[PDB]
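**Student:** everything below, folded, please.
(chains A and B, ligands or ions: 2)
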Amino acid sequence: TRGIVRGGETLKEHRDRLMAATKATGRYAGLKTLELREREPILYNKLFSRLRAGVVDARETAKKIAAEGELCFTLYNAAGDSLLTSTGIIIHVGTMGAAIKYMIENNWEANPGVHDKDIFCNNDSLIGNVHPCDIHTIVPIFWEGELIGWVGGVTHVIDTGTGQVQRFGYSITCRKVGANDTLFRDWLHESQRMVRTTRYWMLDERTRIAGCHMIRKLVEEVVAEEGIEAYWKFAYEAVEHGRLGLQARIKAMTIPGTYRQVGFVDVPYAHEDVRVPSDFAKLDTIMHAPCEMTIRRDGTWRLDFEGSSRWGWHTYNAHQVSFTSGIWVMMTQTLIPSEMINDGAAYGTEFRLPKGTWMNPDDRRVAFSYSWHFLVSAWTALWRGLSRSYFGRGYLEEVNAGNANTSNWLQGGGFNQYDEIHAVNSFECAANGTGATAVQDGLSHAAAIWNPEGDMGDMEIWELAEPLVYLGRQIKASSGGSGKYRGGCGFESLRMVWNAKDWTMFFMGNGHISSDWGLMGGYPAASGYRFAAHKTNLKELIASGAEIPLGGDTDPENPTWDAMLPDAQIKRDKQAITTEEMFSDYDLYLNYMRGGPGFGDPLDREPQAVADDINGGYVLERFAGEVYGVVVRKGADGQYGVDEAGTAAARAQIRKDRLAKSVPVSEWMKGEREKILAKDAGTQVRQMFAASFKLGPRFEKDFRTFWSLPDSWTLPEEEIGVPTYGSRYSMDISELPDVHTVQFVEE
Amino acid sequence: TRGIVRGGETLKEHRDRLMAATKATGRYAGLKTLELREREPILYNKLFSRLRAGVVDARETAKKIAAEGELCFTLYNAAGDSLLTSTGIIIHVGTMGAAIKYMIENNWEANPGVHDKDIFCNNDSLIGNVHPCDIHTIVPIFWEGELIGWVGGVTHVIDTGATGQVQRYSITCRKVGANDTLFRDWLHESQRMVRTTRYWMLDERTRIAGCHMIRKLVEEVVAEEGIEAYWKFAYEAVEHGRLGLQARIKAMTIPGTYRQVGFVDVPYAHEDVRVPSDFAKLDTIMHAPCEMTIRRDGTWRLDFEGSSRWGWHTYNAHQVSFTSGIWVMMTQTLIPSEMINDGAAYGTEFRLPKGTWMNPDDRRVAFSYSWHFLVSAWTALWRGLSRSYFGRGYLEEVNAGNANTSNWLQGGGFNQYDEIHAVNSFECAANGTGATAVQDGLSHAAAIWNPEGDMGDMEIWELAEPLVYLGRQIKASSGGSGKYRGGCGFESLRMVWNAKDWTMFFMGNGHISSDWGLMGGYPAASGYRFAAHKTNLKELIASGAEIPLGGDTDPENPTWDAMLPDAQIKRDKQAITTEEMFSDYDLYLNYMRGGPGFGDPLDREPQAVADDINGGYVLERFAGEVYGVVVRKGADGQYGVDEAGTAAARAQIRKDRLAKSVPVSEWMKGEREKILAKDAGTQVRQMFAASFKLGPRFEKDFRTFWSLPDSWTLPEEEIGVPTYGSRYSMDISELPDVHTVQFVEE
Ligand SMILES: [Mn+2]
Ligand SMILES: [Mn+2]
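**Tutor:** Residues are numbered from 1 along each chain as shown, chains lettered A, B, ... in the order given. Ligands and ions are numbered 1, 2, ... in the order given. Here you go:
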């Protein structure tokens, strides 16, 4: 046959046909009926069971090369659509799927060609990828000379290649790195210069190629026993199957209608401790991620991000592939926790990411090295939206106020206690607080949005990898969102530099803004802040038996460590993002993990839960009365107990104080409107709105209508007084010729 | 014959043999006799003259695929040694040759295999390259299924990427094509490294077109004159070059030891050097001492013991870059021939100590703008070679040295076409040259990496950049004073016009003049910065007020500043900056440096001093203070010489010199007190501290000359500045199963 796909179609003729049938019918590949599944139920169930089991075995067997992370493997059909994904974080199902769809639309079939036993590698920025260090290995599967699918394997390399602002600070575009199952030497020598340490990159490549070739054999054996006729139907029915599964889940758990929510997070690049080389990049900006969620009677739904802010000079921007592919690590935690999850769910979801926004920049200068900062801040709002549907329908067990900001990313560089390059960081922000439920408190220090199987790691293992020692590891008091049910609290650890040389560290996380919100009366989780101490003189303080900082920063409004370090240079502020800073032995670094949002009116919380929280270190005593209205009294055993009568009076008094200090929304609005007309707000607020308007006309109209603003009132970004480089002149990807990108999104 | 090289040897077996014969015999490839040259001279001269011409033809023909000068092509033998090189800048003969020898040593023959019609590409930093944007295309030449040589084509791509870099796009001899056809995944992947696609794509089409033309040339020559004759020429030609350099040294120079040194400043402690790493935020000085030894047999040695350590900046150099590009200056004085090839390398001994900025041996080091250190280190060699010319009697060949190729005008953003900016004006191609022992230096005439200096037309530059010329003027008092004055630089005043999202920065020497005067002459003027933001020039122009024009004639008594009362003027000695925002009607002074002078300025003929004042080469005030010449403004407003007054001023300055000078012994004792008290700037002590550790022989001489006790030490960690990288290295030896080539004693 002429084309290499089974049947004689080229890779592009094949996909274009399926995509045309998908558009005309609304069903993947125009499969109005799934004959294999309906006519042969057992064989269909067996095909998933064996293929799913073999894909997981590849992932776990290949994993056994350590000294799990983003490691994952996915089986695709000829058109680049996922059928099955292994255990692990599934944020790369779409990134690798896009890499296949890039080879399809750019005629890789003709050059460099797609042959059996070829090995392709990819991490391209313009195709779509979460992190530059996330390396894809893609292998085509052939049966009797014809192509029937692809295999994808991905890892997060931890030692690849300060204060990046533009993309031009590596890139692999579906490069053919091997043939005949043998890697090319020029690729091996070249890729080992893209890295500071060789061991991690080399083993990771072996792992990916291993798992891929296992899965390749796994398919060749399934097809041999059950026949190609059966497998060929399954490779397209399984996708249309996933779509029907998502539709059935929506109709069963949620409510049709329109849900509107928004999320924010800060980017404080004006601070002197953010040492970026470009002066046009030094300004305070805020991420704006509004979302209009539409759930329809037919079980389809739509996520429209009209009104979002523009991309900025920083590393927190994202890709439309990165945004849509990675949003399912969140969705599979509430709506579709299923091992059948595949691209079928994608074909049952509509995404609108306006071109030019931070989630769909369409500009080649954009950097995305730390996309998580924005992604986790934008996705959390969707928890709240869905929860409104769960709450109204009665499935309160599924309600969740949202995920915490996966923040304070402890990052360090230099030479460790073995006089060797640092490569492995602690990664304690895998265990943040979780949002509160409509039924119970949230889980403290339990999970991250991109991995619900939160693991905090052992202190004794991290101290074998980092030149740091734990002086404390403690639950972060009052970090969880207050509410009838408290959001999960984060936790903190105090690090002391120990046997480090040429050492540097920086902070990474939300500071001025709490990305998550409480739900239906609950409050947002605590926001971030920084603590670090240099020139502590701790060696002499330890030797002399003086007071030394231990534990966690219990009350940063009334700290106890600072006074213990009189000769120290202490940095204690809300600057939760910094650039590389010099550290040396006996200096201190507070690693503070965020908490989750709360649920419900705080003064509906059962008083004993407040007393249990104070005794447990989840809430500072101070706020027991101010926030929850609970009067607690310390007893003989040192434990706090509830004052039943005193609480009732406090709760009744707060209710009157609320009505007194509050104001009718009509009244407050006209006052806020005067400030809007006078353009009275910080530059970060005005820049956010000014940029959001230009990229979102529908958002500007609603804003003007809601505030009853006259057309005479305008908010041009160019008149705020901050740099605006990149707001009117762009570097589109359309400038690149011979490059055909695929659109997974309305814009 | 299994090995692909002619005869059956593999590439490594072949080179390994030739290199062992070179080490053993002191003659390239163990050629004690050149049979072809001696027994068939006409045929020998014919092969060279014809290959040289065919190579030049390929370079000039391919050049017509755009519209540069760094473009160049080189013909190599099977072992990766240069035979011939096209017209153009020859910095990349060694870099590309090193790429070939990398494929030889790392078994490219077995994987990915070296086949006919294959296309390779390379710019690797660890192999050694001048610039990250200088891209190599390497094609193997075959004859009857066997490899007989290589072709290398290079271009300087202007629109690549990568800020205030402090530590380290790498293409490691990648096979980017087969069957003379490029791979699609390579073409797509390359269009993401560049800002605009045009320049990258035409440059590759240019390199390949030239490589294939040279491949056809060899195939044609071999076919007509026979492969037997060519296979002899392909190695005799190298040894031939070695003998040629030996003859030139013995005919032009003098045996002995020459000692010289050069310096340049890295002022990274200034706030306008926005660097992301705080441990790279300090002031440092480059130290480039050179002990030059010419032996009686005609061999010579270049020992850079005592040089400073690599730093957190983009001015470090690879050993291959330092030795491959040094021949751009050697071909301007010692061996200016079109026959130049690697024979000159096998006739020269280089010692670049490991850890120094020229041989860092650390993977973190960056090399983006290594010219700043190279031009400052090479200028000292002119002076050494000149002492041999001057003693032997070839005063015409003397030259005090090359100016720092500084102020590198760099701009970014969007231009008057609302398109990405990629073409910057290249006025630092026309710096002042060093004065000779016979005549003044040439003003605004050349750079060290290109003697064919061209300034460009202002009208052409304004079609490329969003800038307009408000001035273009000879730089007064930039040339080094002396009996014969060093060449003066020039300066242009630029106004930003129709730019958007525009940024600019300065680049060059500031506190230090790298060049020195010779035998009584003085160094050229050092660098400084002038820029003006928020000028309000639009209204000053409209109202008819004074507007800055021309050049910054006297920065000690400027005229522009008073004209700009509302402007933010940056007028300091910070000649290196990171990108800074610029808007229309802002000003940027592009000041090109001059060259060093020769001889005692007091021995300069007075009428030359008067001509210099009249011509804007020397400011009036220095005619008496420096040259001791009294001038009077004549009727026509021109300056003339006062013979009698000049004779007195010269007689008085001679007494002043003896009165204000002191015996060197008396000065040394006082300067020795300061060394013991460690009374000096941190940039000075860090330089010496780093130099001592890398050069024990240099430290030994320092302590000896100053009679310092062993109790006196200068540890770098006690200076008070960051010392990151001094004690902990990421040596390249770590990288697994990567085999490097040492062209240097380290
Ligand atoms: Mn990753
Ligand atoms: Mn170059």
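
**Student:** and chain A, which of its residues are near ligand 1?
**Tutor:** A:70, A:131, A:134, A:156 (Cβ under 5 Å from the ion). Where C-beta positions appear, they are placed from N, C-alpha and C, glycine not excepted.

**Student:** now, which of these lie within strands?
**Tutor:** A:134, A:156 (DSSP state E).

**Student:** please list only the buried members of the residues of chain A next to ligand 1.
**Tutor:** A:70, A:131, A:134, A:156 (16 or more other Cβ atoms under 10 Å in any protein chain shown).

**Student:** ok, of those, which one's closest to ligand 2?
**Tutor:** residue A:131 (31.8 Å; Cβ to the ion).

**Student:** that closest one is in contact with residue A:326, isn't it?
**Tutor:** No. Counting by Cβ atoms under 8 Å, residue A:131 stays clear of residue A:326, with 10.6 Å between them.

**Student:** out of the buried ones among the residues of chain A next to ligand 1, what pair is the most spread apart?
**Tutor:** A:70 and A:131 (8.1 Å; Cβ to Cβ).

**Student:** now do the same contact list for the residue of the stretch 251-400 of chain A found nearest ligand 1.
**Tutor:** Nearest residue of the stretch 251-400 of chain A to ligand 1 (Cβ to the ion) works out as residue A:372 at 8.8 Å. The contact partners of residue A:372, taken as Cβ atoms under 8 Å, 6 or more residues apart in numbering or on different chains, are A:130, A:406, A:450.

**Student:** tell me how many other residues surround the second one.
**Tutor:** Burial of residue A:406 is recorded as 26 neighbouring residues (other Cβ atoms under 10 Å in any protein chain shown).

**Student:** so it: helix, strand or coil?
**Tutor:** coil (DSSP: H, G, I helix; E, B strand; the rest coil).

**Student:** mind listing what it touches?
**Tutor:** Contacts of residue A:406 by Cβ under 8 Å, 6+ apart are A:372, A:376, A:429, A:432, A:448-450, A:594.

**Student:** in a markdown table: the residues you listed, plus secondary structure.
**Tutor:** Formatted as a markdown table, those follow (three-state DSSP):
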| residue | secondary structure |
| --- | --- |
| A:372 | helix |
| A:376 | helix |
| A:429 | helix |
| A:432 | strand |
| A:448 | strand |
| A:449 | coil |
| A:450 | coil |
| A:594 | coil |
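
**Student:** of all those residues, which two lie farthest apart?
**Tutor:** Among the contacts of residue A:406, A:450 and A:594 lie farthest apart (Cβ to Cβ), at 14.0 Å.

**Student:** of the two, who's got more company?
**Tutor:** The neighbour comparison of residue A:450 against residue A:594 (other Cβ under 10 Å) goes to residue A:594, with 33 against 20.

**Student:** check contacts around that one.
**Tutor:** A:404-408, A:432-433, A:479, A:490, A:509-510, A:525-528.

**Student:** which one of those residues is nearest ligand 2?
**Tutor:** Closest to ligand 2, out of all of these and judged by Cβ to the ion, is residue A:509, at 41.3 Å.

**Student:** so that closest one sits right up against residue A:409, yeah?
**Tutor:** Yes. Using Cβ under 8 Å, residue A:509 is in contact with residue A:409, at 6.5 Å.

**Student:** joint contacts of those two?
**Tutor:** residue A:429.

**Student:** so those two - more neighbours on which side?
**Tutor:** More crowded of residue A:509 and residue A:409, by other Cβ under 10 Å: residue A:509, with 27 against 20.

**Student:** off-centre distance for stretch A:722-742?
**Tutor:** Computed by Cα atoms, centre = their mean, to the nearest Å, the chain-centroid distance of stretch A:722-742 equals 25 Å.

**Student:** and the residue of the stretch 101-250 of chain A found nearest chain B, helix, strand or coil?
**Tutor:** Scanning the stretch 101-250 of chain A for the residue nearest chain B gives residue A:168, at 3.0 Å (criterion: Cβ to the nearest Cβ). State at residue A:168, reduced to three classes by three-state DSSP: coil.

**Student:** please see if stretch A:729-743 touches chain B.
**Tutor:** Yes. Judged by Cβ under 8 Å from any Cβ of the partner chain, stretch A:729-743 and chain B are in contact via A:729, A:731, A:735-739.

**Student:** and the two most separated of these?
**Tutor:** A:729 and A:738 (23.7 Å).

**Student:** could you pull out the strands in the stretch 251-400 of chain A for me?
**Tutor:** According to DSSP state E, counting those that start in this stretch, the stretch 251-400 of chain A carries its strands in the segments A:257-268, A:284-295, A:301-304, A:349-352.

**Student:** deepest of these, which one?
**Tutor:** Counting by mean count of other Cβ atoms under 10 Å in any protein chain shown, strand A:284-295 has the highest mean neighbour count of the strands of the stretch 251-400 of chain A, with a mean of 22.

**Student:** strand partners (parallel or antiparallel) of that one?
**Tutor:** strand A:257-268 (antiparallel), strand A:301-304 (antiparallel) (DSSP bridges).

**Student:** which one of the ones you listed lies closest to residue A:109?
**Tutor:** Among the strands paired with strand A:284-295, if distance is taken as Cβ to Cβ, the winner is strand A:301-304, at 33.6 Å.

**Student:** find residues that contact each of residue A:70 and residue A:131.
**Tutor:** residue A:156.

**Student:** not counting its neighbours along the chain, what's nearest residue A:735?
**Tutor:** residue B:197 (7.0 Å; Cβ to Cβ, 6 or more residues apart in numbering or on different chains).

**Student:** who are the packing partners of the lengthiest helix in chain A?
**Tutor:** As assigned by DSSP state H, the longest helix anywhere in chain A is helix A:198-226. Where contact means 3 or more Cβ pairs under 8 Å, 6 or more residues apart in numbering or on different chains; DSSP states H and E, helix A:198-226 is packed against helix A:41-63, strand A:72-77, strand A:134-143, strand A:146-156, helix A:228-253.

**Student:** indicate the residue of the stretch 201-350 of chain A located nearest to chain B.
**Tutor:** residue A:277 (3.9 Å).

**Student:** residues contacting that residue?
**Tutor:** A:163, A:165, B:163-164, B:274-276, B:578-579.

**Student:** 10 Å - rerun?
**Tutor:** A:162-166, B:163-166, B:273-276, B:578-579 (Cβ atoms under 10 Å, 6 or more residues apart in numbering or on different chains).

**Student:** next: residue A:585.
**Tutor:** A:467, A:469, A:496-501, A:503, A:536, A:538-539.

**Student:** and what about it, helix, strand or coil?
**Tutor:** coil.

**Student:** can you report how many residues neighbour residue A:169?
**Tutor:** Residues near residue A:169, counting by other Cβ under 10 Å: 17.

**Student:** run a quick neighbour tally on residue A:43.
**Tutor:** Quick note: residue A:43 (other Cβ under 10 Å) scores 16 neighbours.

**Student:** swap that for residue A:543, sorry
**Tutor:** 8.

**Student:** okay then, goodbye and thanks.
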